[PDB]
Every structure is written in C-alpha cells, then in structure tokens.
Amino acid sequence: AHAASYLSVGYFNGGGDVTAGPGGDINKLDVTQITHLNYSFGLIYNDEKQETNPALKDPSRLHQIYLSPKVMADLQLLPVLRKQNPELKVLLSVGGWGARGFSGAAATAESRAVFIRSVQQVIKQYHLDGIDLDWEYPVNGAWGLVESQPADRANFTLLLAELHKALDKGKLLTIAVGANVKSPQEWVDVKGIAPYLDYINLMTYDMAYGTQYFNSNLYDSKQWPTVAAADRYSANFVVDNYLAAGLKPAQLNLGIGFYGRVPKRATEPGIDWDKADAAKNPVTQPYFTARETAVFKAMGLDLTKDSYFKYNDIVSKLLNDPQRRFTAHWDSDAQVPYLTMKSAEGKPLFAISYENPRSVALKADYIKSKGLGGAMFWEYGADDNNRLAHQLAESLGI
C-alpha cells in the first residue's frame, strides 16, 4: 500500500565543461523523465595564479559566482521547463572538473560570506530550487589541477554549515564527490557535512585510467581485470567506501555515465606505483596501434588529449558504423556493455565501455536493492532521444 520514491538527478552540460566540451541544447531535454536538473556550471571568480579564464580574474568579484551568457540565457527558459514538468526541481551546479576558486572561497570568514551572498543572489535572480557544489577536489586539487591546501577539508565543512544556515528553508544544498578512496578518507569530512546536505551525488564513473579497462563498471570485471591495486575501482566499491566512512545509503545518489571512455590502458603504459623501480617496469602496455588511434581520431576523438565519448555518439558512430568496425559485447560481471575493434591480426581489442538501457536498468536495480536515494547522471546532453533517462525513470518508477 506504500510506495518508495527515488530521485533521478540529471546534470546538463549547458555552459561547457573542461572534459565534455561545449554546452548543449537545453531544448532537446525531456524534463518529464527526471526529478531534479543540475544545470551546469556556475564558475567562481578567483585569485589563483594559474587561472586562464580571464573573466574569472576580475578582482572586484573575487569569491563570487560567475555565470556565462549561455548559462544566463538557458536559465531564462526555466518557466518553460516547469510547465512541462511542474514537479521538477532545478539547481545550479557550481564548479565542475578543473574549476578553480573553491579553496580560496572557503578559506576565511570574509571569503565564505562573499561566496554565500553570491549563491543567495543567484538563487533569487534565477529562481532556483537550490545549489549543487562540485569541488574537484578539496585538499588534493585533482593532483594540482586547481589550488588546494590541507585546511580545505575543515573549510569545506564550515562553508557548507554557513551556506545551510543562510539558505531559505526549502532550498536544496547538494554536492558531488569523487570516486577516489582518498575522498572520504582525507579530502572531505563526509560525516561532518552530512547534516547540511539534502543528498550527495557520487561520481561513480571515470574509472577507465591507469591499468583499468572499464569506465563505469558496477562490479569488477574478471574477463578484463584491472592490474594495479590503486586503479581497481567499480561503482559498488566506491559506494562501499563512502558507506564505510559513515554516510547513510538513502542520502546517496549513484552517478551514472551517459557516455564511455577509451581506457588509457589502450594507449599508455600502465604503472603500478607499489612495484620496484615502477616507472621503468610498467605492468600493462598499450595495445592500440596507429591503425586504431586513427579510427578514433577520424571520429573527432584525439586519444592523446581525451578519451570521452558521448552515448549518442557511441550509438551513431560506433554501433552504427557503416564499416562495422565495432562489435558489441556484454560483461556479465561488470554489468555493462563494451565494444571491441578487430586488430589487423584478427584479435578483438577492448575499445570502450559505456552504459546502455540494459546496464542503466541494472544500476537502477542496484539503487533499489542497496537502498540508495536515487540516481544521478552525467549528463543529459549525451543521451540519445532521452532514452537512457527514460530507462532510468521506468526502472526507478519516477
């Protein structure tokens, strides 16, 4: 007689993203398929010396939120989206991969107050239901991609506490957190911040690095196993790490990638940093040759720079490749699909893993069985005719 309610929180790369590229078309989204939209991204005016976005270096706006023209214009369509789905909640996500300014914004009482005032101003001007902070990452700085300091852990908590106090009742405060095991251990006081957050979005993807083949495997592959311990990740492992650190499952949304990645293992030696004279003794070697890298290059994917491939492009360019160069497979342990390309020798080479309707439904089944609060996905612009979002909505009963 009583039915559970799951969330489906769809990121949309509207403004542009360092790794996913230019922003998409908000008009193509089906907002009836989701519960929450994270419009991405607000940026942060900052004094980091390595900032290359000159707009963000305006010293009169230090620590405030920056909204690009495209972001402003898209946020103007909110009334139309709300008419199509009057239950929809819309948040602005601030930060994203490579986004500077959190370490400075969070550092002092005065800096925190400026940031918070800016958050309040943006919520009010654009009539948002809340704010999502996507700081990559406190303390670690994504290994120097953004400035960081050890005080970031404590300061993130203070920032969230003070933002929670400032926000109107009813406004949502959320964050996205990293897959890396050091996130709950060292970077983010997850127990400390939990009281201030409506939910926590887990970035349970981007695992196709180092000696790992799969990008968003639910469990570890056995057929295509990761070699170095420090690289061995799955969505469930991440979930378990956050739960071990003291978060309740109902507060968590599992991140689902509407995209795939060509693993780094295909093109770069894989180093196990636990081994003797590690860099001279790689534990995997690249298996792509110029023949393979050229196929991807011709698609528009330069594997020396990036490995991201949107799901709609996987369908149109890989699955439906007129020359039939890609073969689709299912990994029964990892519960995701992957494609192989045939080497000149005739051997299948592992090309890319991704998510399809079947694997999305299996992640929804995990959400339901593990007792998580819902799904989050990156990102709506990468879906194919809203099919993966619709699958998620069907499987979660949204």
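Under this definition, the rigid core comprises the largest set of C-alpha atoms superposing within 1.5 Å between the forms. Residue indices: 1-based, along the sequence shown.
Subject >> in 4 other deposited structures of this protein, rigid core aligned: more displaced of 171-179 and 138-146 by C-alpha RMS >> reply: So, of the two stretches, the farther one in 4 other deposited structures of this protein is 138-146.
Subject >> Mean Cα B-factor comparison, 129-137 or 81-89, giving the higher one as deposited >> reply: Per the deposited B-factors, the answer is 81-89.
Original post:
Of 139-147 and 212-220, which one has the bigger average CA B-factor?
Top reply: Stretch with the higher mean C-alpha B-factor: 139-147.
Subject >> Member of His36, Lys347, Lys57, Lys363 with the greatest C-alpha B factor (per the PDB record) >> reply: Comparing C-alpha B-factors across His36, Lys347, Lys57, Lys363, the top value belongs to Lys347.
**OP:** Would you mind finding, among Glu110, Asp240, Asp206, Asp74, the residue with the largest C-alpha temperature factor in the entry?
**Re:** Among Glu110, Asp240, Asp206, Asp74, the highest C-alpha B-factor in the entry belongs to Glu110.
Original post:
What third of its chain's C-alpha B-factors does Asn46 belong to: lowest, middle or highest?
Top reply: CA B-factor rank for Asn46: lowest third.
**OP:** Sort the modelled residues of this chain by their C-alpha B factor and say whether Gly371 lands in the lowest, middle or highest third.
**Re:** It falls in the top third of the chain.
Original post:
What third of its chain's C-alpha B-factors does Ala228 belong to: lowest, middle or highest?
Top reply: For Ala228, whose C-alpha B-factor we compare with every modelled residue in the chain, the answer is the middle third.
**OP:** Looking at the entry's B-factor column for C-alpha atoms only, identify whether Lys317 ranks in the lowest, middle or highest third of its chain.
**Re:** Ranked within chain, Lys317 CA B lands in the middle tercile.
Original post:
Of the three thirds of its chain by CA temperature factor, lowest, middle or highest, which one includes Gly257?
Top reply: Tercile = lowest for this residue's CA B-factor.
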